[PDB]
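Text of structure.csv, listed as CSV, C-alpha atoms:
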```
chain,number,residue,atom,x,y,z
E,557,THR,CA,-60.7,237.9,-82.4
E,558,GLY,CA,-63.8,235.8,-82.8
E,559,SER,CA,-65.1,234.7,-79.4
E,560,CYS,CA,-68.4,232.8,-79.4
E,561,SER,CA,-71.7,234.4,-78.3
E,562,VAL,CA,-73.5,232.9,-75.3
E,563,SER,CA,-75.9,233.9,-72.6
E,564,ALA,CA,-76.9,232.2,-69.2
E,565,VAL,CA,-80.5,232.4,-67.8
E,566,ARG,CA,-82.1,230.8,-64.8
E,567,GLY,CA,-83.8,228.3,-67.1
E,568,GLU,CA,-86.2,225.8,-65.4
E,569,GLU,CA,-84.9,224.3,-62.2
E,570,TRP,CA,-86.0,222.2,-59.1
E,571,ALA,CA,-85.3,221.8,-55.4
E,572,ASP,CA,-82.8,218.9,-55.5
E,573,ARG,CA,-81.4,220.1,-58.9
E,574,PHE,CA,-81.5,223.2,-61.0
E,575,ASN,CA,-81.4,223.7,-64.8
E,576,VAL,CA,-80.4,226.6,-67.1
E,577,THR,CA,-81.1,227.7,-70.7
E,578,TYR,CA,-78.0,229.1,-72.4
E,579,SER,CA,-78.5,231.0,-75.7
E,580,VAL,CA,-76.0,231.5,-78.5
E,581,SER,CA,-75.9,234.1,-81.3
E,582,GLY,CA,-73.5,233.0,-84.1
E,583,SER,CA,-71.3,230.4,-82.4
E,584,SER,CA,-71.5,228.2,-85.5
E,585,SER,CA,-68.2,226.8,-84.1
E,586,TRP,CA,-69.1,225.4,-80.7
E,587,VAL,CA,-66.0,225.4,-78.4
E,588,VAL,CA,-67.2,226.9,-75.1
E,589,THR,CA,-66.0,225.5,-71.7
E,590,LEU,CA,-68.6,225.3,-68.9
E,591,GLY,CA,-67.2,225.5,-65.4
E,592,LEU,CA,-69.3,223.8,-62.7
E,593,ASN,CA,-69.0,224.8,-59.0
E,594,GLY,CA,-67.1,221.8,-57.5
E,595,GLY,CA,-69.7,219.1,-57.2
E,596,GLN,CA,-72.5,220.3,-59.6
E,597,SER,CA,-72.4,217.5,-62.2
E,598,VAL,CA,-74.3,217.3,-65.5
E,599,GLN,CA,-77.3,215.0,-65.6
E,600,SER,CA,-78.8,215.5,-69.1
E,601,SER,CA,-78.9,218.1,-71.9
E,602,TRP,CA,-80.7,218.8,-75.2
E,603,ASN,CA,-80.5,221.0,-78.3
E,604,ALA,CA,-76.7,220.4,-78.4
E,605,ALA,CA,-73.9,218.1,-77.4
E,606,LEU,CA,-71.5,218.4,-74.4
E,607,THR,CA,-68.1,216.8,-73.6
E,608,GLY,CA,-67.4,215.7,-70.0
E,609,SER,CA,-69.7,215.5,-67.0
E,610,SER,CA,-67.7,217.2,-64.1
E,611,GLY,CA,-64.9,219.7,-64.2
E,612,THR,CA,-64.5,221.3,-67.7
E,613,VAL,CA,-67.0,220.4,-70.4
E,614,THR,CA,-67.3,221.9,-74.0
E,615,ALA,CA,-70.2,222.3,-76.4
E,616,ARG,CA,-70.2,220.6,-79.7
E,617,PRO,CA,-72.1,220.9,-83.0
E,618,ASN,CA,-74.5,218.2,-84.2
E,619,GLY,CA,-76.4,219.7,-87.1
E,620,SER,CA,-77.5,223.2,-86.0
E,621,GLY,CA,-78.4,224.6,-82.5
E,622,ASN,CA,-77.5,227.8,-80.6
E,623,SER,CA,-79.8,227.3,-77.5
E,624,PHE,CA,-79.1,224.3,-75.3
E,625,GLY,CA,-80.3,223.5,-71.7
E,626,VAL,CA,-78.5,221.3,-69.2
E,627,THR,CA,-79.3,220.0,-65.7
E,628,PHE,CA,-77.1,220.5,-62.6
E,629,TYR,CA,-77.3,218.6,-59.3
E,630,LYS,CA,-76.8,220.8,-56.2
E,631,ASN,CA,-77.6,218.9,-53.0
E,632,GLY,CA,-75.7,221.8,-51.4
E,633,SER,CA,-74.3,223.8,-54.3
E,634,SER,CA,-74.6,227.6,-54.8
E,635,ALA,CA,-73.5,229.9,-57.7
E,636,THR,CA,-75.0,228.5,-60.9
E,637,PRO,CA,-72.8,227.2,-63.8
E,638,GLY,CA,-72.0,229.3,-66.9
E,639,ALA,CA,-70.7,228.7,-70.5
E,640,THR,CA,-67.4,230.4,-71.5
E,641,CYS,CA,-66.8,231.9,-74.9
E,642,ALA,CA,-63.8,234.3,-75.1
E,643,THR,CA,-60.7,234.5,-77.3
E,644,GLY,CA,-57.4,234.3,-75.4
```

Just dump the structure as structure tokens.
Amino acid sequence: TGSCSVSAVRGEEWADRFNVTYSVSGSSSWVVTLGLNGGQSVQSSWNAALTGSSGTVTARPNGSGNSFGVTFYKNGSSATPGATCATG
């Protein structure tokens, strides 16, 4: 009981790559697990730290931030990525 709060939006994007702007409510304890779509890799991020760059990444605290954006190469991808925050 205490899942983190998150939100996925079609943040800025491009033709060769797309981006997203996730928003958090009170996830003071960052521990989400983003799941790419086989191929989509992370290129850069800001407003937060991430662990990994392909497969299963997790957000991390670095002072204070609930909204972080990240890039995602597609070159033939599809469904956008998303951040997980559930308990169990």

Show me, as CSV, the residues of segment 601-623 of chain E having an atom within 7 Å of segment 573-588 of chain E, each with the closest atom pair and its distance in Å, using all atoms listed in the file.
```
residue,atom,partner,partner_atom,distance
E:614,CA,E:588,CA,5.1
E:615,CA,E:586,CA,5.4
E:616,CA,E:586,CA,5.0
E:617,CA,E:586,CA,5.9
E:622,CA,E:580,CA,4.5
E:623,CA,E:579,CA,4.3
```

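Proximity of E:632, E:637, E:619, E:644 to residue 571 of chain E, computed with all atoms listed in the file, is greatest for E:632.
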
Close residues, residue 596 of chain E itself excluded, 7 Å, only C-alpha atoms, min 3 positions apart in chain, as a compact mmCIF listing (two decimals) with C-alpha atoms, keeping the file's coordinate frame:
```
# COMPACT_ATOMS: atom_id res chain seq x y z
CA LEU E 592 -69.30 223.80 -62.70
CA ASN E 593 -69.00 224.80 -59.00
CA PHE E 628 -77.10 220.50 -62.60
CA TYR E 629 -77.30 218.60 -59.30
CA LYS E 630 -76.80 220.80 -56.20
CA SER E 633 -74.30 223.80 -54.30
```

Subject >> For atom CA of residue 563 of chain E and atom CA of residue 638 of chain E, the interatomic separation in Å (one decimal) >> reply: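 Spanning atom CA of residue 563 of chain E to atom CA of residue 638 of chain E is a straight-line distance of 8.3 Å.
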
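Minimum distance to residue 625 of chain E across E:601, E:606, E:565, E:613 (counting only C-alpha atoms) occurs at E:601.
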
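Atom CA of residue 618 of chain E to atom CA of residue 557 of chain E spans 24.1 Å [interatomic distance, one decimal].
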
**OP:** Rank nothing, just name the residue among E:564, E:624, E:572, E:589 nearest to residue 641 of chain E, using only C-alpha atoms.
**Re:** E:589

Original post:
Can you find the residues with an atom no farther than 10 Å from (-61.9, 235.6, -77.4), counting only C-alpha atoms, and report them as a ChimeraX atom specification?
Top reply: /E:557-561,640-644

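Rounded to one decimal, atom CA of residue 612 of chain E and atom CA of residue 594 of chain E lie 10.5 Å from each other.
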
Subject >> Residue among E:631, E:562, E:639, E:620 lying closest to residue 595 of chain E, counting only C-alpha atoms >> reply: E:631
